[PDB]
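Student: Just so it is clear, I am handing over final10.tsv, which has TSV, C-alpha atoms.
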chain	number	residue	atom	x	y	z
Q	278	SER	CA	99.15	119.56	168.37
Q	279	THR	CA	96.99	117.94	165.81
Q	280	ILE	CA	100.03	115.93	165.09
Q	281	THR	CA	99.03	113.38	167.74
Q	282	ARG	CA	95.71	112.27	166.24
Q	283	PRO	CA	96.96	111.80	162.68
Q	284	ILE	CA	99.98	109.89	163.99
Q	285	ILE	CA	97.83	107.53	166.02
Q	286	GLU	CA	95.59	107.04	162.97
Q	287	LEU	CA	98.58	106.14	160.86
Q	288	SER	CA	99.93	103.78	163.51
Q	289	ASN	CA	96.53	102.09	163.94
Q	290	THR	CA	96.33	101.49	160.21
Q	291	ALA	CA	99.87	100.15	160.13
Q	292	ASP	CA	98.88	97.71	162.91
Q	293	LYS	CA	95.79	96.53	161.00
Q	294	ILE	CA	97.84	95.96	157.85
Q	295	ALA	CA	100.53	94.05	159.75
Q	296	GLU	CA	97.78	91.87	161.18
Q	297	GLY	CA	96.50	90.92	157.71
Q	298	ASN	CA	94.25	93.72	156.40
Q	299	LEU	CA	96.45	94.36	153.40
Q	300	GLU	CA	93.86	96.42	151.51
Q	301	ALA	CA	93.36	98.95	154.29
Q	302	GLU	CA	93.74	102.53	153.12
Q	303	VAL	CA	96.80	104.27	154.55
Q	304	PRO	CA	95.68	107.72	155.73
Q	305	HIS	CA	97.47	111.05	155.42
Q	306	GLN	CA	99.46	110.37	152.27
Q	307	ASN	CA	98.36	113.81	151.04
Q	308	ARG	CA	99.56	115.72	154.15
Q	309	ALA	CA	102.08	118.34	153.09
Q	310	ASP	CA	104.40	117.82	156.06
Q	311	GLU	CA	106.60	115.02	157.33
Q	312	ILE	CA	103.64	112.92	158.39
Q	313	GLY	CA	102.68	112.75	154.72
Q	314	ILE	CA	106.21	111.52	153.96
Q	315	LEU	CA	105.88	108.83	156.61
Q	316	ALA	CA	102.41	107.88	155.38
Q	317	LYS	CA	103.74	107.34	151.86
Q	318	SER	CA	106.47	105.12	153.32
Q	319	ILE	CA	103.86	103.07	155.18
Q	320	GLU	CA	101.96	102.73	151.90
Q	321	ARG	CA	105.16	101.34	150.35
Q	322	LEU	CA	105.32	98.79	153.16
Q	323	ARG	CA	101.67	97.87	152.57
Q	324	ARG	CA	102.35	97.38	148.86
Q	325	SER	CA	105.34	95.14	149.59
Q	326	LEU	CA	103.34	93.05	152.06
Q	327	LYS	CA	100.50	92.65	149.57
Q	328	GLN	CA	103.00	91.62	146.90
Q	329	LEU	CA	104.62	88.96	149.09
Q	330	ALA	CA	101.18	87.67	150.08
Q	331	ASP	CA	99.83	87.57	146.54
Q	332	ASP	CA	103.02	85.82	145.46
Q	333	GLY	CA	102.84	83.23	148.23
Q	334	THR	CA	99.34	82.30	147.17
Q	335	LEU	CA	100.43	81.82	143.52
Q	336	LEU	CA	103.70	80.08	144.26
Q	337	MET	CA	102.67	76.46	143.72
Q	338	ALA	CA	100.72	77.32	140.57
Q	339	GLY	CA	103.75	79.21	139.23
Q	340	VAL	CA	106.23	76.43	140.00
Q	341	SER	CA	103.96	73.83	138.43
Q	342	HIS	CA	103.37	75.95	135.36
Q	343	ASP	CA	107.05	76.62	134.74
Q	344	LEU	CA	108.24	73.06	135.42
Q	345	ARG	CA	105.64	71.71	133.00
Q	346	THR	CA	107.74	72.80	130.04
Q	347	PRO	CA	110.98	70.86	130.70
Q	348	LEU	CA	109.06	67.94	132.26
Q	349	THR	CA	106.96	67.62	129.10
Q	350	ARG	CA	110.15	67.67	127.03
Q	351	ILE	CA	111.60	64.89	129.17
Q	352	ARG	CA	108.45	62.88	128.45
Q	353	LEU	CA	108.83	63.60	124.74
Q	354	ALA	CA	112.42	62.38	124.89
Q	355	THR	CA	111.30	59.11	126.54
Q	356	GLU	CA	108.76	58.57	123.75
Q	357	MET	CA	111.70	58.72	121.33
Q	358	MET	CA	113.91	56.24	123.19
Q	359	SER	CA	114.89	52.95	121.60
Q	360	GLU	CA	113.40	49.53	122.33
Q	361	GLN	CA	116.58	48.55	124.15
Q	362	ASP	CA	116.14	51.58	126.38
Q	363	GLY	CA	112.41	50.94	126.84
Q	364	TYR	CA	112.82	50.09	130.51
Q	365	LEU	CA	114.60	53.41	131.13
Q	366	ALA	CA	111.89	55.32	129.29
Q	367	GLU	CA	109.29	53.76	131.56
Q	368	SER	CA	111.33	54.42	134.71
Q	369	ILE	CA	111.85	58.07	133.76
Q	370	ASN	CA	108.17	58.51	133.00
Q	371	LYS	CA	107.33	57.16	136.44
Q	372	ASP	CA	109.73	59.78	137.85
Q	373	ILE	CA	107.90	62.51	135.91
Q	374	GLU	CA	104.56	61.29	137.25
Q	375	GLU	CA	106.18	61.40	140.69
Q	376	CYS	CA	107.13	65.04	140.11
Q	377	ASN	CA	103.53	65.71	139.07
Q	378	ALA	CA	102.13	64.00	142.17
Q	379	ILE	CA	104.57	65.83	144.42
Q	380	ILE	CA	103.48	69.14	142.95
Q	381	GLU	CA	99.76	68.39	143.00
Q	382	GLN	CA	99.83	66.81	146.42
Q	383	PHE	CA	101.97	69.52	147.90
Q	384	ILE	CA	99.09	71.85	148.80
Q	385	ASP	CA	97.37	68.95	150.63
Q	386	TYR	CA	100.09	69.03	153.29
Q	387	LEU	CA	98.71	72.09	155.10
N	278	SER	CA	109.03	120.42	165.34
N	279	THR	CA	110.87	118.47	168.05
N	280	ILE	CA	109.58	115.21	166.57
N	281	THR	CA	110.32	115.92	162.86
N	282	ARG	CA	113.76	114.24	162.92
N	283	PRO	CA	112.48	110.92	164.24
N	284	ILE	CA	109.47	110.97	161.89
N	285	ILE	CA	111.72	111.27	158.88
N	286	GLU	CA	114.12	108.69	160.31
N	287	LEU	CA	111.23	106.24	160.65
N	288	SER	CA	110.10	106.98	157.11
N	289	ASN	CA	113.61	106.25	155.79
N	290	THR	CA	113.65	103.00	157.76
N	291	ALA	CA	110.25	102.05	156.35
N	292	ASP	CA	111.47	102.78	152.81
N	293	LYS	CA	114.55	100.57	153.33
N	294	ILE	CA	112.39	97.71	154.60
N	295	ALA	CA	109.85	98.10	151.80
N	296	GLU	CA	112.71	97.88	149.32
N	297	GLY	CA	113.69	94.49	150.75
N	298	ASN	CA	116.01	95.08	153.72
N	299	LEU	CA	113.81	93.05	156.01
N	300	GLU	CA	116.51	92.92	158.71
N	301	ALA	CA	116.68	96.71	159.15
N	302	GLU	CA	116.59	97.90	162.75
N	303	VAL	CA	113.60	100.07	163.60
N	304	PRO	CA	114.64	102.88	165.97
N	305	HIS	CA	112.70	104.45	168.85
N	306	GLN	CA	110.55	101.43	169.74
N	307	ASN	CA	110.99	101.83	173.46
N	308	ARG	CA	109.55	105.35	173.55
N	309	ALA	CA	106.25	106.04	175.29
N	310	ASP	CA	105.12	108.88	173.03
N	311	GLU	CA	103.87	109.32	169.45
N	312	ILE	CA	107.26	108.37	168.05
N	313	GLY	CA	107.32	105.13	170.04
N	314	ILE	CA	103.81	104.18	168.95
N	315	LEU	CA	104.73	104.69	165.27
N	316	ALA	CA	108.02	102.85	165.66
N	317	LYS	CA	106.34	99.80	167.19
N	318	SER	CA	103.82	99.78	164.31
N	319	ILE	CA	106.60	99.90	161.74
N	320	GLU	CA	108.37	97.03	163.52
N	321	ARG	CA	105.11	95.05	163.27
N	322	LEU	CA	105.03	95.66	159.52
N	323	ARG	CA	108.67	94.57	159.25
N	324	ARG	CA	107.96	91.40	161.20
N	325	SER	CA	104.99	90.57	158.98
N	326	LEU	CA	107.06	91.06	155.83
N	327	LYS	CA	109.83	88.88	157.20
N	328	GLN	CA	107.31	86.20	158.12
N	329	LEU	CA	105.75	86.09	154.68
N	330	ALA	CA	109.21	85.90	153.12
N	331	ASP	CA	110.11	83.07	155.54
N	332	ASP	CA	106.86	81.26	154.67
N	333	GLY	CA	107.49	81.38	150.93
N	334	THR	CA	111.08	80.36	151.46
N	335	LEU	CA	110.02	77.35	153.56
N	336	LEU	CA	107.57	76.20	150.92
N	337	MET	CA	110.14	76.44	148.10
N	338	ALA	CA	112.67	74.60	150.23
N	339	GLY	CA	110.06	71.84	150.57
N	340	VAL	CA	109.40	71.73	146.85
N	341	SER	CA	113.14	71.57	146.15
N	342	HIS	CA	113.76	68.85	148.63
N	343	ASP	CA	110.77	66.70	147.37
N	344	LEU	CA	111.67	67.08	143.68
N	345	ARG	CA	115.35	66.33	144.27
N	346	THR	CA	114.52	62.64	144.55
N	347	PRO	CA	112.70	61.98	141.24
N	348	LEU	CA	115.04	64.37	139.37
N	349	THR	CA	118.05	62.46	140.71
N	350	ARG	CA	116.44	59.19	139.59
N	351	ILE	CA	116.01	60.60	136.08
N	352	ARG	CA	119.66	61.69	136.07
N	353	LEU	CA	120.82	58.20	137.05
N	354	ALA	CA	118.61	56.66	134.36
N	355	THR	CA	120.20	58.81	131.63
N	356	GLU	CA	123.63	57.43	132.59
N	357	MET	CA	122.38	53.97	131.64
N	358	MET	CA	121.04	54.90	128.21
N	359	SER	CA	122.58	53.38	125.09
N	360	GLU	CA	125.07	55.25	122.94
N	361	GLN	CA	122.54	55.42	120.13
N	362	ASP	CA	120.26	57.32	122.52
N	363	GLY	CA	123.01	59.73	123.59
N	364	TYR	CA	121.21	62.67	122.00
N	365	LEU	CA	118.22	61.92	124.21
N	366	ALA	CA	120.32	61.54	127.36
N	367	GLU	CA	121.80	64.96	126.59
N	368	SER	CA	118.35	66.46	126.00
N	369	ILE	CA	116.98	65.03	129.24
N	370	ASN	CA	120.01	66.18	131.27
N	371	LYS	CA	119.60	69.67	129.83
N	372	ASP	CA	115.96	69.56	130.90
N	373	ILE	CA	116.81	68.44	134.43
N	374	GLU	CA	119.12	71.47	134.61
N	375	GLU	CA	116.17	73.61	133.47
N	376	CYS	CA	114.05	72.14	136.28
N	377	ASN	CA	116.80	72.98	138.75
N	378	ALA	CA	117.04	76.51	137.37
N	379	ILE	CA	113.29	77.08	137.67
N	380	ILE	CA	113.38	75.99	141.30
N	381	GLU	CA	116.43	78.20	141.90
N	382	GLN	CA	114.56	81.16	140.40
N	383	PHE	CA	111.60	80.66	142.75
N	384	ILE	CA	113.97	80.28	145.71
N	385	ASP	CA	115.63	83.53	144.59
N	386	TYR	CA	112.43	85.65	144.58
N	387	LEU	CA	112.76	85.12	148.43
Step by step, read the file and then write its structure as C-alpha coordinates.
Tutor:
Amino acid sequence: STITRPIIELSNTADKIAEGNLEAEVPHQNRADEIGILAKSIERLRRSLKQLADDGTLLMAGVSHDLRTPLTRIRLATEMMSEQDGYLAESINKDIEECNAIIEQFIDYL
Amino acid sequence: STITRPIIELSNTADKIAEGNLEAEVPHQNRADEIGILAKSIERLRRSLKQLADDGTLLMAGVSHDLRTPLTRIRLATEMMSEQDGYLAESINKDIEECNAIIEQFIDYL
(Lines of atoms letter the chains of each structure in order from A and count residues from 1; the text may use other names and numbers.)
(Lines give C-alpha, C1' and ligand atoms only; values in the text may rest on other atoms or scores of the structure.)
Protein backbone atom coordinates (compact mmCIF):
# COMPACT_ATOMS: atom_id res chain seq x y z
CA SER A 1 0.00 0.00 0.00
CA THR A 2 3.19 1.89 -0.29
CA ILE A 3 3.77 0.67 3.17
CA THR A 4 5.37 -2.51 1.83
CA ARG A 5 8.28 -0.93 -0.05
CA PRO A 6 9.37 1.44 2.72
CA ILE A 7 9.16 -1.40 5.24
CA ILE A 8 11.34 -3.67 3.13
CA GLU A 9 13.81 -0.80 2.69
CA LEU A 10 13.98 -0.31 6.42
CA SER A 11 14.39 -4.03 7.04
CA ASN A 12 17.13 -4.32 4.39
CA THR A 13 19.04 -1.48 6.03
CA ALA A 14 18.62 -3.03 9.45
CA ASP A 15 20.08 -6.27 8.03
CA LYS A 16 23.09 -4.45 6.55
CA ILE A 17 23.77 -2.69 9.85
CA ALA A 18 23.50 -5.92 11.83
CA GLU A 19 26.00 -7.44 9.42
CA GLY A 20 28.57 -4.71 10.11
CA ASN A 21 27.71 -1.63 8.01
CA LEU A 22 27.27 0.57 11.05
CA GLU A 23 27.38 3.85 9.11
CA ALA A 24 24.53 2.95 6.78
CA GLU A 25 21.82 5.59 6.66
CA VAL A 26 18.53 4.44 8.18
CA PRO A 27 15.76 5.48 5.78
CA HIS A 28 12.33 6.91 6.56
CA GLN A 29 13.13 8.64 9.83
CA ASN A 30 11.21 11.66 8.51
CA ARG A 31 8.00 9.71 7.65
CA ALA A 32 5.11 11.21 9.58
CA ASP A 33 3.46 7.88 10.39
CA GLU A 34 4.37 4.85 12.47
CA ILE A 35 7.03 3.73 10.02
CA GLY A 36 8.89 6.93 10.88
CA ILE A 37 8.61 6.00 14.56
CA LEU A 38 10.05 2.56 13.83
CA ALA A 39 12.79 4.04 11.65
CA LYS A 40 13.89 6.31 14.49
CA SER A 41 14.01 3.27 16.78
CA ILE A 42 16.20 1.42 14.28
CA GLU A 43 18.47 4.47 14.18
CA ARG A 44 18.75 4.20 17.98
CA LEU A 45 19.80 0.57 17.56
CA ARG A 46 22.38 1.58 14.94
CA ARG A 47 23.79 4.22 17.29
CA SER A 48 24.06 1.70 20.13
CA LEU A 49 25.80 -0.84 17.89
CA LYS A 50 28.25 1.78 16.66
CA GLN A 51 28.94 2.80 20.26
CA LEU A 52 29.66 -0.77 21.40
CA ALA A 53 31.89 -1.29 18.35
CA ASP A 54 33.81 1.94 18.79
CA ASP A 55 34.24 1.10 22.47
CA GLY A 56 35.47 -2.42 21.78
CA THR A 57 38.16 -1.06 19.50
CA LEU A 58 39.36 1.42 22.17
CA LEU A 59 39.10 -0.94 25.12
CA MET A 60 42.73 -2.01 25.44
CA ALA A 61 43.99 1.54 24.93
CA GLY A 62 41.57 2.76 27.61
CA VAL A 63 42.50 0.08 30.14
CA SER A 64 46.20 0.70 29.59
CA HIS A 65 45.80 4.44 29.87
CA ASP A 66 43.84 4.29 33.12
CA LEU A 67 46.01 1.64 34.78
CA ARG A 68 49.13 3.67 33.99
CA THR A 69 48.35 6.08 36.81
CA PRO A 70 48.29 3.71 39.81
CA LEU A 71 51.00 1.48 38.25
CA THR A 72 53.30 4.50 37.94
CA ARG A 73 52.59 5.38 41.57
CA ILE A 74 53.49 1.83 42.61
CA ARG A 75 56.79 2.28 40.77
CA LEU A 76 57.33 5.59 42.54
CA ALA A 77 56.71 3.90 45.87
CA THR A 78 59.32 1.22 45.06
CA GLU A 79 61.87 3.93 44.26
CA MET A 80 61.31 5.21 47.81
CA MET A 81 61.72 1.85 49.55
CA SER A 82 64.57 1.26 51.97
CA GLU A 83 67.79 -0.64 51.29
CA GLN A 84 66.56 -3.48 53.47
CA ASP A 85 63.46 -3.69 51.30
CA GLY A 86 65.47 -3.39 48.07
CA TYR A 87 64.69 -6.95 47.03
CA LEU A 88 60.95 -6.29 47.39
CA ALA A 89 61.22 -3.09 45.37
CA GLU A 90 62.85 -5.04 42.56
CA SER A 91 60.30 -7.86 42.74
CA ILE A 92 57.39 -5.41 42.63
CA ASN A 93 58.91 -3.57 39.69
CA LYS A 94 59.19 -6.85 37.82
CA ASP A 95 55.47 -7.36 38.55
CA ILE A 96 54.71 -3.91 37.10
CA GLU A 97 56.71 -4.72 33.98
CA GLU A 98 54.69 -7.94 33.82
CA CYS A 99 51.47 -5.91 33.91
CA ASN A 100 52.87 -3.75 31.11
CA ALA A 101 53.80 -6.78 29.00
CA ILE A 102 50.42 -8.38 29.60
CA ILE A 103 48.69 -5.23 28.43
CA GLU A 104 50.93 -4.64 25.43
CA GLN A 105 51.00 -8.27 24.41
CA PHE A 106 47.29 -8.72 24.85
CA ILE A 107 46.32 -7.53 21.37
CA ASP A 108 48.83 -10.01 19.87
CA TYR A 109 46.62 -12.90 21.00
CA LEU A 110 44.06 -12.51 18.20
CA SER B 1 -3.99 0.26 9.57
CA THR B 2 -4.15 -3.44 10.46
CA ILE B 3 -0.37 -3.48 10.89
CA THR B 4 0.03 -0.27 12.97
CA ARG B 5 -0.12 -2.09 16.35
CA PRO B 6 2.72 -4.48 15.55
CA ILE B 7 4.83 -1.70 13.99
CA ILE B 8 4.66 0.32 17.18
CA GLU B 9 5.23 -2.79 19.29
CA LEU B 10 8.40 -3.50 17.32
CA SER B 11 9.54 0.09 17.72
CA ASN B 12 9.06 -0.13 21.50
CA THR B 13 11.03 -3.38 21.53
CA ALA B 14 13.81 -1.77 19.50
CA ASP B 15 13.92 1.18 21.91
CA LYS B 16 14.20 -1.18 24.92
CA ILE B 17 17.06 -3.06 23.27
CA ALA B 18 18.85 0.13 22.22
CA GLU B 19 18.65 1.29 25.83
CA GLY B 20 20.51 -1.84 26.94
CA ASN B 21 17.96 -4.61 27.46
CA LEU B 22 19.80 -6.92 25.12
CA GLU B 23 17.76 -9.94 26.26
CA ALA B 24 14.40 -8.47 25.20
CA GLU B 25 12.19 -10.83 23.22
CA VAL B 26 11.41 -9.64 19.70
CA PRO B 27 7.80 -10.48 18.79
CA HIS B 28 6.34 -11.55 15.44
CA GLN B 29 9.46 -13.21 14.02
CA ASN B 30 7.62 -16.20 12.64
CA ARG B 31 5.32 -14.13 10.42
CA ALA B 32 5.59 -14.33 6.64
CA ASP B 33 4.54 -10.76 5.91
CA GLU B 34 5.99 -7.25 6.31
CA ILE B 35 5.77 -7.48 10.09
CA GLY B 36 7.73 -10.75 10.13
CA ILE B 37 10.44 -9.37 7.85
CA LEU B 38 10.91 -6.33 10.13
CA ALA B 39 10.84 -8.46 13.27
CA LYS B 40 13.56 -10.78 11.98
CA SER B 41 15.70 -7.73 11.09
CA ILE B 42 15.29 -6.30 14.58
CA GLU B 43 16.25 -9.67 16.07
CA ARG B 44 19.41 -9.57 13.92
CA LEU B 45 20.26 -6.15 15.35
CA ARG B 46 19.65 -7.45 18.88
CA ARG B 47 21.91 -10.44 18.25
CA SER B 48 24.68 -8.23 16.91
CA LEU B 49 24.47 -5.94 19.94
CA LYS B 50 24.57 -8.90 22.30
CA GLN B 51 27.56 -10.31 20.45
CA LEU B 52 29.56 -7.10 20.67
CA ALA B 53 28.74 -6.85 24.37
CA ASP B 54 29.83 -10.49 24.82
CA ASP B 55 33.06 -9.80 22.91
CA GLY B 56 34.00 -6.82 25.06
CA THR B 57 33.08 -8.73 28.19
CA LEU B 58 35.29 -11.67 27.16
CA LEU B 59 38.25 -9.40 26.53
CA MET B 60 37.92 -7.65 29.91
CA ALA B 61 37.57 -11.01 31.63
CA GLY B 62 40.87 -11.96 29.98
CA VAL B 63 42.57 -8.75 31.09
CA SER B 64 41.30 -9.27 34.64
CA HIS B 65 42.40 -12.84 34.81
CA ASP B 66 45.93 -12.05 33.38
CA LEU B 67 46.52 -9.07 35.68
CA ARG B 68 45.32 -10.92 38.77
CA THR B 69 48.63 -12.76 38.93
CA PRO B 70 51.15 -9.87 39.01
CA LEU B 71 48.80 -7.77 41.19
CA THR B 72 48.58 -10.63 43.69
CA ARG B 73 52.38 -10.89 43.68
CA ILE B 74 52.65 -7.19 44.49
CA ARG B 75 50.14 -7.63 47.33
CA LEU B 76 52.17 -10.48 48.82
CA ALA B 77 55.36 -8.43 48.53
CA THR B 78 53.86 -5.53 50.52
CA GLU B 79 53.14 -7.94 53.40
CA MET B 80 56.89 -8.54 53.68
CA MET B 81 57.92 -4.87 53.80
CA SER B 82 59.60 -3.47 56.90
CA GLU B 83 57.71 -1.44 59.48
CA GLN B 84 59.68 1.64 58.51
CA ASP B 85 58.27 1.23 54.99
CA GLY B 86 54.69 0.79 56.23
CA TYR B 87 53.62 4.06 54.61
CA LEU B 88 54.78 2.66 51.26
CA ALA B 89 53.06 -0.69 51.78
CA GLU B 90 49.85 1.25 52.47
CA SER B 91 50.34 3.41 49.37
CA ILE B 92 50.98 0.39 47.15
CA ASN B 93 47.98 -1.53 48.54
CA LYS B 94 45.79 1.50 47.89
CA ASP B 95 47.10 1.55 44.33
CA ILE B 96 46.41 -2.15 43.80
CA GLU B 97 42.83 -1.41 44.89
CA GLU B 98 42.76 1.38 42.29
CA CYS B 99 43.91 -1.09 39.62
CA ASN B 100 41.13 -3.46 40.67
CA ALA B 101 38.60 -0.63 40.54
CA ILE B 102 39.68 0.42 37.04
CA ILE B 103 39.26 -3.14 35.81
CA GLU B 104 35.88 -3.36 37.56
CA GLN B 105 34.79 -0.15 35.83
CA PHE B 106 35.68 -1.54 32.39
CA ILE B 107 33.90 -4.81 33.21
CA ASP B 108 30.88 -2.72 34.26
CA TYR B 109 30.54 -0.79 30.96
CA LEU B 110 29.47 -4.32 29.68
Student: Looking at Q:380, Q:279, Q:297, Q:353, which one is nearest to residue 339 in chain N, with distances taken over all atoms listed in the file?
Tutor: Q:380
Student: Quick one: residues within 12 Å of residue 349 in chain Q, all atoms listed in the file counted, chain neighbours fewer than 2 positions away excluded, as a list in words?
Tutor: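 The neighbour list is residues 341, 342, 343, 344, 345, 346, 347, 351, 352, 353, 354, 355, 356, 369, 370, 373, 374, 376 and 377 of chain Q; 368, 369, 372, 373, 375 and 376 of chain N.
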Student: Let me make sure I understand: if you superpose chain Q onto chain N using all C-alpha atoms paired in order, what RMSD in Å results?
Tutor: 6.0 Å
Student: I need the chain Q residues near chain N as a short mmCIF file (atom, residue, chain, number, x, y, z; two decimals) with C-alpha atoms, keeping the file's coordinate frame; criterion: at most 8 Å, counting only C-alpha atoms.
Tutor:
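out_38.cif, freshly written:
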data_model
loop_
_atom_site.label_atom_id
_atom_site.label_comp_id
_atom_site.auth_asym_id
_atom_site.auth_seq_id
_atom_site.Cartn_x
_atom_site.Cartn_y
_atom_site.Cartn_z
CA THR Q 281 99.03 113.38 167.74
CA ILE Q 284 99.98 109.89 163.99
CA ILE Q 285 97.83 107.53 166.02
CA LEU Q 287 98.58 106.14 160.86
CA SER Q 288 99.93 103.78 163.51
CA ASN Q 289 96.53 102.09 163.94
CA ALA Q 291 99.87 100.15 160.13
CA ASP Q 292 98.88 97.71 162.91
CA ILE Q 294 97.84 95.96 157.85
CA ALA Q 295 100.53 94.05 159.75
CA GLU Q 296 97.78 91.87 161.18
CA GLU Q 311 106.60 115.02 157.33
CA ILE Q 312 103.64 112.92 158.39
CA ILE Q 314 106.21 111.52 153.96
CA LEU Q 315 105.88 108.83 156.61
CA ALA Q 316 102.41 107.88 155.38
CA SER Q 318 106.47 105.12 153.32
CA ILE Q 319 103.86 103.07 155.18
CA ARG Q 321 105.16 101.34 150.35
CA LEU Q 322 105.32 98.79 153.16
CA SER Q 325 105.34 95.14 149.59
CA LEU Q 326 103.34 93.05 152.06
CA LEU Q 329 104.62 88.96 149.09
CA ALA Q 330 101.18 87.67 150.08
CA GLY Q 333 102.84 83.23 148.23
CA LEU Q 336 103.70 80.08 144.26
CA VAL Q 340 106.23 76.43 140.00
CA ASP Q 343 107.05 76.62 134.74
CA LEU Q 344 108.24 73.06 135.42
CA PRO Q 347 110.98 70.86 130.70
CA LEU Q 348 109.06 67.94 132.26
CA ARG Q 350 110.15 67.67 127.03
CA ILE Q 351 111.60 64.89 129.17
CA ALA Q 354 112.42 62.38 124.89
CA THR Q 355 111.30 59.11 126.54
CA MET Q 357 111.70 58.72 121.33
CA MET Q 358 113.91 56.24 123.19
CA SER Q 359 114.89 52.95 121.60
CA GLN Q 361 116.58 48.55 124.15
CA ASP Q 362 116.14 51.58 126.38
CA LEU Q 365 114.60 53.41 131.13
CA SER Q 368 111.33 54.42 134.71
CA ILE Q 369 111.85 58.07 133.76
CA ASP Q 372 109.73 59.78 137.85
CA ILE Q 373 107.90 62.51 135.91
CA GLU Q 375 106.18 61.40 140.69
CA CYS Q 376 107.13 65.04 140.11
CA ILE Q 379 104.57 65.83 144.42
CA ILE Q 380 103.48 69.14 142.95
CA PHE Q 383 101.97 69.52 147.90
#
Student: What is the distance between CA of residue 302 in chain N and CA of residue 331 in chain N, in Å to one decimal?
Tutor: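 These atoms are spaced 17.7 Å apart.
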Student: In Å, rounded to a single decimal, give me how far CA of residue 335 in chain N is from CA of residue 384 in chain Q.
Tutor: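 Here the two named atoms are 13.1 Å from each other.
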